[PDB]
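First comes the structure, then the notes that go with it.
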């Protein structure tokens, strides 16, 4: 059933819906939740990386600094869909900027900090140069 | 007058627009100074390396997908013996493809390096 759903181009449709429509934050929360459910599917990673979902997630985090649920879902997601290509040859400055900004703005929220630090550890597992950034 | 009062307008000889939505990362020039003025481009708009050929005198763009990972850098090697010309590619996976500048069916890989090949600069000291 999951393979059939994936073959139905669910990822492309949901990414287009949440990327083309940057307003109406409710659809953004729904899209982040749907992607979060998508990622742990058996074949999710390769198509998600090919479609370029990571840029959409980063843009969503940029346009919604103050919302809590969007930030939590995005910070949990970023570590999930991060690949070596996204931090290729040591380049990952928008990643560090967004992660530090999100963690600093919400310092007391335990869940946001936990997700952000798990994401940061996952990123550091790939490339050690990121720490410098 | 202010638009015409510029050196950018005098010394910008040609301007070529590539096909829609292509991300080319590296370029080299087919420069034997007498063979064929043209450009080799390494596309990166997809995670499967494409080598494209740009004929300058006709603005002809012909792409070809040959690499599993995106091409990072390109280099042109010219061996004077037998008038040999080749072009070598460097892929993100680590491979190193070599295809003839003239012949199109001379694909042959080389040692698969540990990681990505970020430079392929070629020069002679004597020996190339």
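Coordinate-derived values only; no laboratory data. Virtual Cβ from ideal backbone geometry, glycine too; neighbours counted across all protein chains shown.
Extension gain for residue A:93 to residue A:27 (0.36 nm times residue separation, less C-alpha to C-alpha distance): 21.0 nm.
Under the rule a/c < 1.5 gives rounded, and otherwise a/b versus b/c splits prolate from oblate, where does chain A land using the Cα gyration tensor?
Cα axes put chain A in the oblate bin.
Normalised by the number of residues in region A:1-51, the mean separation of alpha-carbon contacts (under 8 Å, six or more apart) gives a relative contact order of 42 percent. Per residue of A:80-86, other chain Cβ atoms within 10 Å of the residue Cβ number 1 on average.
Hey, what D do you get for the protein assembly as shown in µm²/s if you plug the Kirkwood alpha-carbon radius into Stokes-Einstein at 20 °C and 1.002 mPa s?
The calculation lands on 98 µm²/s.
Placing dummy labels 7 Å off each Cα toward the beta-carbon, the span from residue B:22 to residue B:106 is 2.3 nm. The mean sequence distance of close C-alpha pairs (under 8 Å, at least 6 residues apart), as a share of the length of region B:1-93, puts its relative contact order at 20 percent.
Note on B:46-55: average number of Cβ atoms from other chains within 10 Å of each residue's Cβ is 1. When chain A is treated as a Gaussian network with alpha carbon springs shorter than 10 Å, the biggest mean-square fluctuation among A:77, A:61, A:45 belongs to A:45. Here the residues B:40, B:86, ranked from fewest to most Cβ neighbours within 10 Å of their Cβ, fall in the order B:86, B:40.
Cα centroid separation, region A:78-124 to region A:1-37: 21 Å.
Based on Cα contacts under 8 Å between residues 6+ apart, region A:1-111 shows a relative contact order of 25 percent.
With the gyration tensor restricted to C-alpha atoms of region A:38-81, the semi-axes of the equivalent ellipsoid amount to 21, 12, 6 Å, longest first. For chain B, the Cα gyration tensor yields ellipsoid semi-axes of 29, 20, 14 Å (square root of five times each eigenvalue, largest first, whole Å).
Cβ crowding within 10 Å, taken as a proxy for footprinting-reagent exposure, orders A:32, A:73, A:50 from fewest neighbours to most as A:50, A:73, A:32.
Counting other Cβ atoms within 10 Å as a rough exposure proxy, the listed residues B:13, A:114 run B:13, A:114 from fewest neighbours to most.
Applying 0.36 nm per residue to the separation of residue A:69 and residue A:49 and subtracting their alpha-carbon distance, the gain on full extension is 4.9 nm.
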